[PDB]
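*Asks:* This is the structure I want to talk about, given as structure tokens.
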Amino acid sequence: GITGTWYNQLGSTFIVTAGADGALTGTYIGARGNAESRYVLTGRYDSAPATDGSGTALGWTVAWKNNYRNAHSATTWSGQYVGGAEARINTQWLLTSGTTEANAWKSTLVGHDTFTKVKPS
Amino acid sequence: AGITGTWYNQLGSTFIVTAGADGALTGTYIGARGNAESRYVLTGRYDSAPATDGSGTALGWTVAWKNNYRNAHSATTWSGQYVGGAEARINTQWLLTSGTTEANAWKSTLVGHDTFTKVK
Amino acid sequence: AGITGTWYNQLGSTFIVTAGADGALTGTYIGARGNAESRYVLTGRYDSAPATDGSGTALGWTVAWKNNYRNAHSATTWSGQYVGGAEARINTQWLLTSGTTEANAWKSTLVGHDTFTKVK
Amino acid sequence: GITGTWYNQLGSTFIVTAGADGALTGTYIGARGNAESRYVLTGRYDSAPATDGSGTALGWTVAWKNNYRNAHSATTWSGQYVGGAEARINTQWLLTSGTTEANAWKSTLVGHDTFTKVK
Amino acid sequence: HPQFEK
Amino acid sequence: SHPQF
Amino acid sequence: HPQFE
Amino acid sequence: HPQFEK
């Protein structure tokens, strides 16, 4: 159920393939939607989740470098997929930028994203 | 890039990673017990062309806590930066999310921090 | 001013706060049960001179989960911003820290988010 | 125990008083140490902690406005006090800055501080 | 936990 | 202006 | 948990 | 920012 095209509340697109061995691979596309807004993602997920009605834990990372630009940063999303009627992936994320030693205090941003298979507006 | 090799945290865990030319990080995380039942795959990404002003190298990686011997139904992601030099280190913040029912989603995610060095 | 009053989250909790002219926040946080045993003191601070250009008003508060009836040996801090207008909201991220032994410190802190509104 | 003068790894000073009512009141003094860098803090703590060796949970907030300046943000620290020889307060913090709705996604920084009674 | 009590 | 947003 | 065991 | 001023 994980495999497919997902959208967060801001309109970014998360294209993912969930492998039999627990790998996640795919592409993250920022809201703008152009070639320059595409980035590689990789992660892992629980390929044998519990059958007690719990979600499937997963995580992934995007380094914000592609052939057109480099933001010297990476974001990791940690969350769970919840299947059923309106499937969704609920996450919290950490965005860390490379910084000097003196500026390490503004290195990491924290936030939350909810992904659905329906794109919002 | 400086990152490839073995890294240790202060709690006694080990991770062996290979940094690829294209930005990939692949490896194994080994919890403190050190046996085969404590080994787990890791994958992530890193800035393969960092700034040259002395800034660190941004990176992140994920471990899903399932191997062929056990399943903790959770995944941790580490988000951080590599700092090169004689006393190299990887400074991270981590999120550990456990699979929960919707009612228990409030206790799904722990946050903490870890520092990794090349020497134990 | 716009912050003083009663706020509700989606899970059924309520918090009543007075925003003082000196940047103080004081009030009560009431759990879903709505019981005398579900009421806890809250105290925090907010920016009493915010930008007037559409920007939110930064604020934070803390609840320690002890009252005269129960004690959960924990404390939550909410950090976020108030956004005024017809659809006024307080958007927060929170940290819940439980008292633990040194060894169990890895599970001391849960992280989450809450959106509060003036209407339930 | 909690009441006292505490210092973080970076040079800041946290003067706090823990009241019988679970209140934390005090002053945060930034690294500079001048009058313009003093800010009010308020928070709460578990005034009846477990006796099994567990720490004492607490939290506090500073809004970064004083009589001299305003940074349009606030920081909350969440953590626990661990007493004994080498008493420490271990925390994680969230710093939120007032932003427009479009920039909200980047409004909160996260980090960690350890406080000791020795500078 | 009281923050999440139903 | 970060690409995630 | 395996991360801290 | 004040929290980190040298």
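Chains as they are written, first to last, in this note's numbering: chain A, 11 to 131; chain B, -14 to 105; chain C, -14 to 105; chain D, 482 to 600; chain E, 146 to 151; chain F, 350 to 354; chain G, 1425 to 1429; chain H, 146 to 151.
Ideal placement from N, C-alpha and C gives every residue a C-beta, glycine not left out.
1) Taking 6 Å as the limit between beta carbons, can you name the residues of its chain near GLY(-3) of chain B, skipping five residues before and five after?
2) Can you check which of these residues, B:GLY41, B:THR85, B:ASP32 and B:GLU72, is closest to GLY5 of chain B by C-alpha distance?
3) For a test of your reading of the model: does the CB of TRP46 of chain B fall under 8 Å from any non-hydrogen atom of the ligand NAP? Yes or no.
4) Could you check the C-alpha separation between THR126 of chain A and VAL26 of chain A for me, to the nearest Å?
5) Interface residues of chain F around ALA81 of chain A at Cβ under 7 Å?
6) Kindly list, in the order they appear in chain D, the residues whose Cβ is closer than 9 Å to that of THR66 of chain A.
7) Below 8 Å on C-beta distance, what does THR118 of chain A contact in chain D?
8) Check whether the Cβ atoms of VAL96 of chain C and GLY503 of chain D lie closer than 9 Å to each other.
9) With DSSP run on the structure shown, which of helix, strand or coil describes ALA34 of chain B?
10) Short check: CB of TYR67 of chain B to CB of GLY12 of chain B, under 9 Å?
11) Could you give the C-beta distance for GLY84 of chain B and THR109 of chain A, rounded to a whole number, given that I count them as a contact under 8 Å?
12) Measuring CA to CA, which of C:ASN20, C:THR47, C:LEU44 and C:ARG30 is closest to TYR54 of chain C?
13) Could you give the DSSP three-state label for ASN100 of chain A: helix, strand or coil?
14) Would you please verify whether the beta carbon of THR85 of chain A is less than 9 Å from any beta carbon of chain F?
15) Give me whichever residues DSSP pairs with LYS103 of chain B in a beta bridge.
16) Listed from N- to C-terminal order along the chain, which residues in the segment 99 to 118 of chain A have their beta-carbon within a distance smaller than 7 Å of any beta-carbon of chain H?
17) If you measure between the beta carbons of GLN353 of chain F and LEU105 of chain A, is that distance less than 9 Å?
18) Excluding the 5 residues flanking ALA67 of chain A on each side, which residues of the same chain have their C-beta closer than 6 Å to its C-beta?
19) Are the Cβ atoms of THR47 of chain C and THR542 of chain D separated by less than 9 Å?
20) Do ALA57 of chain B and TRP63 of chain B have their CB atoms nearer than 9 Å?
21) Who are the neighbours of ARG42 of chain A on chain B, taking C-beta pairs under 7 Å?
22) Give me the chain C residues within the contact set of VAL521 of chain D, using Cβ-Cβ distance strictly less than 9 Å, ordered along the chain.
23) Can you confirm whether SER(-2) of chain C, when its beta carbon is compared against all beta carbons of chain E, has any partner nearer than 9 Å?
24) Note down, in chain order, every chain G residue with its Cβ under 7 Å from the Cβ of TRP(-8) of chain B.
25) DSSP on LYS92 of chain C, reduced to helix/strand/coil?
26) Please classify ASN89 of chain B as buried or exposed, where buried requires at least 16 other C-beta atoms within 10 Å of its C-beta.
27) Just verifying my parser: in three-state terms, what is the DSSP assignment at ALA516 of chain D?
28) Does DSSP put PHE149 of chain H in a helix, a strand or coil?
29) Within 9 Å of any Cβ in chain D, is that where the Cβ of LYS51 of chain C sits?
30) Looking only at C-alpha atoms, which of B:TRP79, B:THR100, B:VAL104 and B:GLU87 sits nearest to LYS92 of chain C?
31) Assign residue 161 of chain B to one of two classes, buried (16 or more other C-beta atoms within 10 Å of its C-beta) or exposed (fewer than that).
32) So that I know if they touch, is there some Cβ in chain F lying closer than 9 Å to that of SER131 of chain A?
33) For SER47 of chain A, return the contacting residues in chain F, with the cut-off set at a CB-CB distance below 7 Å.
34) Whole angstroms are fine: how far does the CA of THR28 of chain C sit from the CA of residue 110 of chain C?
*Replies:* In brief:
1) Taken in chain order, the residues that qualify are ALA17.
2) Considering only alpha carbons, the answer is B:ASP32.
3) This structure lacks the ligand NAP, and indeed carries no ligand of any kind.
4) The straight-line gap from Cα to Cα measures roughly 13 Å.
5) By Cβ distance, chain F contributes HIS351 and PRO352.
6) Under the 9 Å cutoff, chain D gives no residues; its nearest Cβ is about 25 Å from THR66 of chain A.
7) Around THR118 of chain A, the beta-carbon contacts reaching into chain D at under 8 Å are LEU590, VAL591 and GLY592.
8) In this structure, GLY503 of chain D does not lie closer than 9 Å to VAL96 of chain C by Cβ.
9) Correct three-state label for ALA34 of chain B: coil.
10) For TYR67 of chain B and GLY12 of chain B, no; Cβs fall outside 9 Å.
11) Their Cβ separation, rounded to whole angstroms, is 33 Å, which puts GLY84 of chain B and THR109 of chain A out of contact at 8 Å.
12) The alpha carbon of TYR54 of chain C has as its nearest neighbour, out of C:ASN20, C:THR47, C:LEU44 and C:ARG30, the alpha carbon of C:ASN20.
13) Three-state DSSP puts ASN100 of chain A in a strand.
14) Contacts with chain F at 9 Å (Cβ-Cβ) include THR85 of chain A.
15) The partner list for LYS103 of chain B (beta bridge, DSSP) is empty, contrary to what the question assumes.
16) Listed in sequence order: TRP115.
17) Here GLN353 of chain F is near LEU105 of chain A, since their CB atoms are less than 9 Å apart.
18) Excluding sequence neighbours, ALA67 of chain A sits near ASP56 and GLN90.
19) Yes, Cβ-Cβ distance for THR47 of chain C and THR542 of chain D is below 9 Å.
20) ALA57 of chain B is not a Cβ neighbour of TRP63 of chain B, given a cutoff of 9 Å.
21) Those within 7 Å of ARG42 of chain A in chain B number zero; the least Cβ separation is about 21 Å.
22) Contact note: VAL521 of chain D reaches chain C through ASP7, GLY8, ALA9 and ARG30, using a C-beta cutoff of 9 Å and chain order.
23) At a cut-off of 9 Å between C-beta atoms, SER(-2) of chain C counts as an interface residue with respect to chain E.
24) Under the 7 Å cutoff, chain G gives no residues; its nearest Cβ is about 14 Å from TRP(-8) of chain B.
25) Under the three-state reduction of DSSP, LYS92 of chain C is assigned to helix.
26) Looking at its Cβ environment, which holds fewer than 16 other Cβ atoms inside 10 Å, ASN89 of chain B is exposed.
27) Residue state, collapsed to three classes: helix.
28) Helix at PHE149 of chain H.
29) By this cut-off, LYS51 of chain C is an interface position.
30) The candidate whose alpha carbon is nearest that of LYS92 of chain C is B:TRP79.
31) Because chain B in this structure spans residues -14 to 105, residue 161 of chain B falls outside the shown range and cannot be described.
32) Closer than 9 Å: no.
33) Correct list: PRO352.
34) With chain C covering only -14 through 105, there is no way to say anything about residue 110 of chain C.
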